[PDB]
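Chemist: fold the following, please.
(chains A, B, C, D, E, F, G, H, I, J, K, L, M, N, O, P, Q, R, S, T and U)
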Amino acid sequence: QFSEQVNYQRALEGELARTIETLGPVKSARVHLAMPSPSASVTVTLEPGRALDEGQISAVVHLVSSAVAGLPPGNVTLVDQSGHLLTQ
Amino acid sequence: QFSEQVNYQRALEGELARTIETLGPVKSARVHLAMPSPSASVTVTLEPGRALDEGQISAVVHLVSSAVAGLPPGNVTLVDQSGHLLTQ
Amino acid sequence: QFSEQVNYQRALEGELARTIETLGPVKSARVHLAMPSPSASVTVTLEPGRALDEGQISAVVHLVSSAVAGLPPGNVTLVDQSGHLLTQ
Amino acid sequence: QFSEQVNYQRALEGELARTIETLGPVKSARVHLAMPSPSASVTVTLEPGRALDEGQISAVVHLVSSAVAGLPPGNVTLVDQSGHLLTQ
Amino acid sequence: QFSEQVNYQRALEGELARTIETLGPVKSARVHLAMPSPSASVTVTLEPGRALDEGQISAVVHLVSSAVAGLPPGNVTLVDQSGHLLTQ
Amino acid sequence: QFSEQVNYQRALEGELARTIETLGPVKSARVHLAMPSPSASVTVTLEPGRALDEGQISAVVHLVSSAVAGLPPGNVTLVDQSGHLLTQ
Amino acid sequence: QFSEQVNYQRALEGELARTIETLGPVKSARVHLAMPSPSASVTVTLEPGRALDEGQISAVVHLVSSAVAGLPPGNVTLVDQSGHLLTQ
Amino acid sequence: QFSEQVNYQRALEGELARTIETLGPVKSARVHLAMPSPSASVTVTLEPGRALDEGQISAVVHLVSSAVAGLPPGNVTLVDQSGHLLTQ
Amino acid sequence: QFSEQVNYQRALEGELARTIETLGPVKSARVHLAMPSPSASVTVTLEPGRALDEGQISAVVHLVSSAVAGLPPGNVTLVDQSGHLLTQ
Amino acid sequence: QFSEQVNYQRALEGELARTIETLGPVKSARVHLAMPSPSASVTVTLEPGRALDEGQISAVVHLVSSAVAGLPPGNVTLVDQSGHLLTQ
Amino acid sequence: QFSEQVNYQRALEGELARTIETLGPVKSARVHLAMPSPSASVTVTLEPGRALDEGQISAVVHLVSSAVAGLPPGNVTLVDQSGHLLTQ
Amino acid sequence: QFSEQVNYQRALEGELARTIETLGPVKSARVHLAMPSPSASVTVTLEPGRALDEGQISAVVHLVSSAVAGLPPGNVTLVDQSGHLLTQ
Amino acid sequence: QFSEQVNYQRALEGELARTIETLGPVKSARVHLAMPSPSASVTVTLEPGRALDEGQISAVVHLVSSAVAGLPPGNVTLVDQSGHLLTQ
Amino acid sequence: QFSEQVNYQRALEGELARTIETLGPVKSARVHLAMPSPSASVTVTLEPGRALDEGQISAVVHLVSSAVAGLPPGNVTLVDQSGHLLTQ
Amino acid sequence: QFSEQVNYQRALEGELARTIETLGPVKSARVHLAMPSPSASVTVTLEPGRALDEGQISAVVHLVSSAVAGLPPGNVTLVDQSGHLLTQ
Amino acid sequence: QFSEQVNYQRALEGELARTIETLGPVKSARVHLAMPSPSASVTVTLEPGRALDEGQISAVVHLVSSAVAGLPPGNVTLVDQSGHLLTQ
Amino acid sequence: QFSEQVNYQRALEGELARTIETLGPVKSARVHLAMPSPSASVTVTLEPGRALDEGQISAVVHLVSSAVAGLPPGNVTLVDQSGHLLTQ
Amino acid sequence: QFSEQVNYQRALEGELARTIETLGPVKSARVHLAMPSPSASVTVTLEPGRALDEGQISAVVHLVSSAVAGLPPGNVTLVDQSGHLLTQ
Amino acid sequence: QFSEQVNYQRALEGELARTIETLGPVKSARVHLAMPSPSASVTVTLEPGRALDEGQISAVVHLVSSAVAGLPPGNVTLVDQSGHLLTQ
Amino acid sequence: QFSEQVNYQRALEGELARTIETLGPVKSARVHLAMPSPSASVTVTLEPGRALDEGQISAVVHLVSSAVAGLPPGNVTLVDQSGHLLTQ
Amino acid sequence: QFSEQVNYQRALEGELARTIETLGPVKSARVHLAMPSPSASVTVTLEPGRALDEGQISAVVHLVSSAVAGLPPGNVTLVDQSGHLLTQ
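Modeler: Numbering: from 1, shown residues only, chains lettered A, B, ... in the order given. Sharing the structure here:
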């Protein structure tokens, strides 16, 4: 009951990442989920010479807050490849 | 009871995506469902040089809110390939 | 008890779609059902150069609301291949 | 107890359809039943250049409302091959 | 207990039909029974150039209402091959 | 306990019919029984150019009402090969 | 417990018939019993050019009412090969 | 417990008959017993040109009423080969 | 417990008969017992040209009433080969 | 427990008879016992031209009343080969 | 527990008899016991031309009343080969 | 528990007899015991031309009353080969 | 538990006898024990031309009363080979 | 539990005897024990021409009363080979 | 239930480390989690000649506080390769 | 539990005897123990021409009273080879 | 449940040590954990000619206090290769 | 549980004896223990021409009273090879 | 549950010793733990010509008090190779 | 549970003895323990021409009182090879 | 649970001894533990021509009191190879 609850999450994370990857100014993403009070942390490498606008942050935040059961958009952490914690 | 509840969802998501794909200005979609309080997140790549009108958003939102049991149209997140969180 | 409840639905959806297909100005349909409070979402591609009249919407809506147990005609979503959410 | 309750219905529907087919101005019918509060939806293709009169609707409606246990004639939906929801 | 309750009915229907067939102005009949509050629906093709008189309707109605347990003659629906719902 | 309760009836019906057949102005009979409140329906083809008198109806009615347990002579339906519901 | 209760009756009926056959003006008889409130129905073909007198009816009626447990002589139905319900 | 209770009776009847046969003016007898409130019915063919006197009836009646447990001499029915119900 | 209770009786009857046979004016006897309230019925063929005196009846009656448990001499029926019920 | 209770009696009877046989004016005896309230019936053929005196009856009566458990000398029936019930 | 209780008695009787045989004026004896309230019956053939005196009766009576458990000397019946019930 | 209780007695009797045999004026003895209230019966053949004195009776009586458990010397019966019940 | 309780006694008796044999004026003894209230009976053949004195009786009586559990010296019976009950 | 309780005693007796044998004026002893209230009986053959003094009796009495559990010296019986009960 | 709870953590730690590694001024990281009140400790080797700014600390702290269930950002310890405890 | 409780005693007795044997004026001893209230009896053959002094008796008495559990020195019986009960 | 709880700790200790090793002025570390109220003891060999500053102690203390569940930074003991207990 | 409790004692006794043997003026000892209230009895053969002093008795008494659990020095009996009970 | 609790301790002791060995003025250590209220005892051989300072004692004491669960630094005993109990 | 409790003691005794042997003026010792209230008895052979001083007694007494659980130094008995109970 | 509790102690004792051996003026030690209220006894052979000072006693006493669970330093007994109980 456990070794495929965490093997499901291992692919949901790898699926959520492959969609954020196909999002324009995101060369590669890397999601981790914390499903017990849930939360997630997305690390994105933007395309060389780009920067996510303030609305493009809610794109990725909601793109993840909705794909996971019970995770509000406030518990999602977005981080570039240059530090830069984007989501408050 | 679990490994085919989430294997059902894996095809419902891939079925819901193949119908939104056949919707005109949608070159490819990518759905994720959060079924415990449900919600979904659709990421669509529009046809090159197109943009979903304000009524075409309710098309895709209801096209998904109805294909899933108990998911209201407010919990559906639509996102382009250019950020642009379309559904409030 | 599960893997053929959802395998029944997989054919009911594919049966309901093949009848709407044989409906005149409907080149191909694509039904999804949400059976727990039920609802359905039909996506139809009309014949090239056609448009469903206001009574032809109640045709397809009732053609689906009756073929599924407990689904009222208000919970059925009809959508063209051009956005156009037809059922309110 | 399930896989032949719905395999019974799969033939009752295909039997009810083959009798409506042998009804004069009906080139082919296509019945779906919703047996939990029951209801049915008949889609008929009329013979080329025909139209069901107002009494011929009660023919097909009662021809189906009686062949199914507990289904009143008000819950039967009849639809042509040209939209045209015939039963109110 | 089920797959021969409905396999009994499948022959009772086919037996009741072969007797109505041997009834004079009835070239072929086709009975369906609804046994849970029972009811039946007979569709008869009359001999070419004939029509069932008002007493010949009670013949076929009672010929069926009595061959089935608990089915009153009011719940029997008789229909020609030309629409024409004969039994009220 | 079922598949030979209805296989008994299948021969009782075929036995009751072969005795009515040997009854003079009856070229062939065809009985169906409804044994749960019982009832029966006899369809007789009279000899060419004959007609059952009013007492010959009580012959066949009692010939059947007595051969079946609990079936009164009022619940027996007799019908010719020409419509003609004989028993009220 | 059933398939030889009704296989006993199948021979008792065929035994009761072979004794009535050896009764003078009875060329062949044919008995059916209704054993749950019992009753029986005898159909006799009289010798060519004979007729059972009013006392010869009580012969056959008691010849059957006594050979079956609990069957009064009032529940026995005697019928010729010419209609003619003999026992009231 | 049943198939030799009625196989006992089948020989008791055939034994009781072979003794009445050896009784003078009785060329052959034929007994049937009704053992649940018991009763019996004897059919005797008298020797050609004979007739049982009024005391010879109590012979055969008691010859049977005593050979069966609990059967009074009033429940025994004696019948010739010419109708003629002898025992009241 | 049954098939040799009645197989015991089958020899007791055949033993009781072989002793009455060796009784002088009795060429052959034939006993039947009714053992549930018991009773018996003896049929004797007297030697050609003999007749049992009034005391010779109590011989055979007691010869049987005592050889069977609980059978009084009043429940024993003696009958000649010429009718003639001897025991009241 | 039964088939040798009555197989014991079958030899006790045949033993009691072989002793009465060796009793002088008794050429052969034949005993039957009724053991549930017991009783017995002895049939004796006296030597040709002899007759049991009144005391020789109590010989045979007590010779049997004592060899059987619980059988009083009043329930023993003695009978010659010429009728003649000897014991009252 | 039974077939050697009565096989014990079968030898006790044959042992008691072989001792009375060795008693002088007793050429052969023959004992039967009635062991449930016990009793016995001795039949003795005296030596040719002898007779048991009144004290020789108590010899044989006590010779048997004591060899059997619970049998008083009053329940022992002694009988010669010439009738002659010796013990009162 | 029985077939060697009475096989013990069969040797105790044969042992008690072989000691009385070695007693002087006793050519052979023959003991029977009645062990349920016990008693015994000794039959002795005295040496030719001898007779047991009044004290020699208490010898044999006590020689037996003591060799058996619970048997008083009053319940022991001694008998010669010439009748002569010696013990009162 | 029985067949060696009485096989023990069979040797104790034969042991007690072989010691009394070695006692001077006792050529051979023969003991029987009655062990349920116990008692014993010794029969001794004295040496030819001897007689046990009054004290030699208490020798043999106590020689036996003590070798058996619970047997008082009053319940021991001593008897010569010439009658002569020695112990009161 | 029994066949070696009495096989123990069989050697204790034979051991107790072999020690009394080695006691001077005792050529051979022979002990029997009565172990349920115990007691013993010693029979000693003294050396030819000897006699046990009054103290030599307490030797043998205590030599046995102590070698057996619970046996007082009053319940030990000592007897010579010449009668002579030594212990009171 | 244990050896893969801590084998899950062994990869989550190695996954969390490979994402912090792809973060710009982080040449290699090394995470340890303390999941019972959780906490984590990250040791990072910065790129040669770099230093994490004060906002780049909240990047790595939230990048870890969110990827683990229930771990607040206060319980995360960040340390360089030169001592330098960065998180208070 | 028994056959080595008394096989232990058989060696304890033979061990206790071999130590008293090695005691000076004791050529051979012979002990028997009575272990249920215990007691013992020692028989000693003194060296030819010796006699145990009054203190040498307490030697052997205590040498045995102590080697056995619960046996006081008063219950030990010492006896020479010449009678002579030494211990009171 | 034990042999891999302490085999987990054996690697956590060896993992925690390999990270402190990669910390600059730490040539090799050696951790031991005390997990029941937990505590740990780190022994570090500094690089030749170095010394941990006062902030570099909180580095290693928190680097360990956080990698272990429930271990406060006060229960962590740090020691050089030259004595020098660094953590109070 | 028994056969090595007394096999332990068999060696403890043989061990205790081999130590007293190595005690100077003791050429050989021989111990017996009474372990249920314990006690022991030591028999010692002193070296030729020696005698145990009054303190050498407490040596051997305590050498044994202490080597056995619960045995006081008062329950130990010491005896020479010349009688001489040494311990009071 | 035991043989590896003490086999764990056997390596923890050998691990704790190998770290104290790598501590500078400690050529070899040797730890023993007392884990039930725990305590430990360290014996250290210092490098030839060295001595642990007063702070170097708290090094080794805390290096051990922390590596073991629940062991305070007061229950740790440190001892040189020259006596010298260092920890109070 | 027993045969190695006393096999443990057999080596503890042999171990305790081999240490006292290595004690200077003790050429060989021999310990016995009494472990149920424990006690021990040591027998020591001193080196030829030595004697244990008053403090050397407490050496051996405590050397044994401490090596055994619960044994006070007062219950230890020390004895030389010359009698001489050393411990009071 | 026992044979390795005392096999653990057998090595703990042999381990504790090998550390005291490496203690300077201790050529060899020999420890015994008493673990039920524990205690131990150490016997040490000092190096030839040495003597443990008063502080070197607390070294060895605490070196043992701490290596064993629950053993205070007062219950440890230290003894040289020359008597000399060192620990009070």
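
Chemist: now the residue nearest to residue A:58 when sequence neighbours are not counted. Its backbone dihedrals?
Modeler: Distances taken as C-beta to C-beta, 6 or more residues apart in numbering or on different chains place residue B:85 nearest to residue A:58, at 4.9 Å, with adjacent residues excluded. C-beta: built from backbone N, CA, C; applies to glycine. In terms of degrees, to the nearest 10, the main-chain angles of residue B:85 are phi -60, psi 110.

Chemist: let me see the contact set for residue B:85.
Modeler: A:55, A:58, A:59, A:62, B:77, B:78, B:79 (C-beta atoms under 8 Å, 6 or more residues apart in numbering or on different chains).

Chemist: same check on residue A:33?
Modeler: A:9, A:12, A:13, A:16, A:39, A:40, A:68, A:71, O:67.

Chemist: so how many other residues sit close to the last one?
Modeler: Burial of residue O:67 is recorded as 28 neighbouring residues (other C-beta atoms under 10 Å in any protein chain shown).

Chemist: for it, which three-state class applies?
Modeler: coil (DSSP: H, G, I helix; E, B strand; the rest coil).

Chemist: pretty sure it is touching residue A:30, no?
Modeler: No - taking contacts as C-beta atoms under 8 Å, residue O:67 lies outside contact range of residue A:30: 9.8 Å.

Chemist: name the residue of chain A that lies nearest to chain U.
Modeler: Proximity of chain A to chain U (C-beta to the nearest C-beta) peaks at residue A:2, 34.5 Å away.

Chemist: for chain A, what's the longest helix?
Modeler: helix A:5-21 (DSSP state H).

Chemist: would you tell me what the next helix or strand after it is?
Modeler: strand A:28-34 (DSSP states H and E).

Chemist: who does that following strand pair up with?
Modeler: Using DSSP bridges, strand A:28-34 pairs in its sheet with strand A:39-45 (antiparallel).

Chemist: isn't residue A:34 right next to residue O:66, touching?
Modeler: Yes - counting by C-beta under 8 Å, residue A:34 touches residue O:66, with 6.3 Å between them.

Chemist: around residue A:40, how many other residues sit close by?
Modeler: Count around residue A:40 with other C-beta under 10 Å applied: 23.

Chemist: give the bridge partners for it, please.
Modeler: residue A:33, residue A:76.

Chemist: right, and it touches residue A:64 too?
Modeler: Yes - Residue A:40 sits in contact with residue A:64 when judged by C-beta under 8 Å, with a separation of 5.5 Å.

Chemist: identify the contacts common to those two.
Modeler: Joint contacts of residue A:40 and residue A:64 (C-beta under 8 Å, 6+ apart) are A:31, A:71, A:76.

Chemist: in contact with the closest residue to the second one other than its chain neighbours, which residues?
Modeler: Once its chain neighbours are removed from consideration, residue A:71 has its nearest residue in residue A:38; the separation is 4.3 Å (C-beta to C-beta, 6+ apart). Contacts for residue A:38 (C-beta under 8 Å, 6+ apart) come out as A:68, A:69, A:70, A:71, A:75, O:69.

Chemist: and residue A:38, how far from chain Q?
Modeler: 21 Å (C-beta to the nearest C-beta, to the nearest Å).

Chemist: and for residue A:56?
Modeler: Counting by C-beta to the nearest C-beta - residue A:56 and chain Q are separated by 34 Å.

Chemist: that residue - how many residues pack around it?
Modeler: 23.

Chemist: that one: which element?
Modeler: Following DSSP H and E, one finds residue A:56 within helix A:54-65.

Chemist: residue in chain A with the shortest distance to chain H?
Modeler: In chain A, the residue that lies nearest chain H is residue A:1 (54.9 Å; C-beta to the nearest C-beta).

Chemist: helix A:5-21 and the helix holding residue A:56, what's the angle between them?
Modeler: Computed with axes from the mean of the first three to the mean of the last three C-alpha atoms, to 10 degrees, the direction of helix A:54-65 lies at 150 degrees from that of helix A:5-21.

Chemist: and helix A:54-65, what's buried?
Modeler: In terms of neighbour count (16 or more other C-beta atoms under 10 Å in any protein chain shown), helix A:54-65 has its buried residues at A:56, A:57, A:58, A:59, A:60, A:61, A:62, A:63, A:64, A:65.

Chemist: spell out which parts of chain A neighbour chain B.
Modeler: Contact residues, chain A versus chain B (C-beta under 8 Å from any C-beta of the partner chain): A:1, A:4-5, A:8, A:12, A:15-16, A:19, A:22-25, A:52-53, A:55-56, A:58-60, A:62-71.

Chemist: OK, contacts around the residue lying closest to residue A:23 once chain neighbours are set aside?
Modeler: Leaving aside its sequence neighbours, residue A:23 sits nearest to residue B:81 (C-beta to C-beta, 6+ apart; 6.1 Å). Counting by C-beta under 8 Å, 6+ apart, residue B:81 touches A:22, A:23, A:24, B:43, B:44, B:45, B:46.

Chemist: dump those residues to TSV, plus neighbour count.
Modeler: Shown next, in TSV, are the contacts of residue B:81 (neighbours: other C-beta atoms under 10 Å in any protein chain shown):
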residue	neighbour count
A:22	13
A:23	23
A:24	19
B:43	22
B:44	24
B:45	17
B:46	19
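
Chemist: which residue packs closest to the residue of chain A found nearest chain K, ignoring adjacent ones?
Modeler: Residue nearest to chain K within chain A (C-beta to the nearest C-beta): residue A:1, separated by 63.3 Å. Nearest non-adjacent residue to residue A:1, counting by C-beta to C-beta, 6+ apart: residue B:2, 7.1 Å away.

Chemist: what about the one you found, how many residues close to it?
Modeler: Residue B:2 - counted by other C-beta under 10 Å - has 10 other residues nearby.

Chemist: same thing with residue A:3?
Modeler: 11.

Chemist: residue contacts, it?
Modeler: Contacts of residue A:3 (C-beta under 8 Å, 6+ apart): residue O:4.

Chemist: so it sits in a strand?
Modeler: No - with three-state DSSP as the criterion, residue A:3 is located in coil rather than a strand.

Chemist: for it, give its distance to chain S.
Modeler: 27 Å.

Chemist: now residue A:6
Modeler: When residue A:6 is compared with chain S (using C-beta to the nearest C-beta), they lie 30 Å apart.

Chemist: what about that residue, neighbour count?
Modeler: So residue A:6, with other C-beta under 10 Å, has 15 neighbours.

Chemist: now residue A:36
Modeler: Residue A:36 has 8 neighbours, counted by other C-beta under 10 Å.

Chemist: correct me if wrong: it contacts residue O:68.
Modeler: No - contact criterion C-beta under 8 Å: residue A:36 and residue O:68 do not qualify, at 10.4 Å.

Chemist: find the residues that touch each one of these two.
Modeler: Contacts common to residue A:36 and residue O:68, judged by C-beta under 8 Å, 6+ apart, are absent.

Chemist: that older thread, quick check, the residue of chain A closest to chain K in contact with residue B:1.
Modeler: No - if you go by C-beta under 8 Å, residue A:1 and residue B:1 don't touch, sitting 9.5 Å apart.

Chemist: wait, is residue A:81 part of a strand?
Modeler: No - assignment of residue A:81 by three-state DSSP gives coil, placing it outside any strand.

Chemist: and it, its phi and psi?
Modeler: Dihedral pair for residue A:81: phi -90, psi 10, per degrees, to the nearest 10.

Chemist: ok, residue A:85 to chain D distance?
Modeler: Distance from residue A:85 to chain D, by C-beta to the nearest C-beta: 53 Å.

Chemist: brain fart, residue A:69
Modeler: 28 Å.

Chemist: likewise residue A:42?
Modeler: Residue A:42 is 43 Å from chain D, by C-beta to the nearest C-beta.

Chemist: got the contact list for that residue?
Modeler: Counting by C-beta under 8 Å, 6+ apart, the residues that residue A:42 touches are A:17, A:20, A:29, A:30, A:31, A:60, A:64, A:76, A:77, A:78, A:79.
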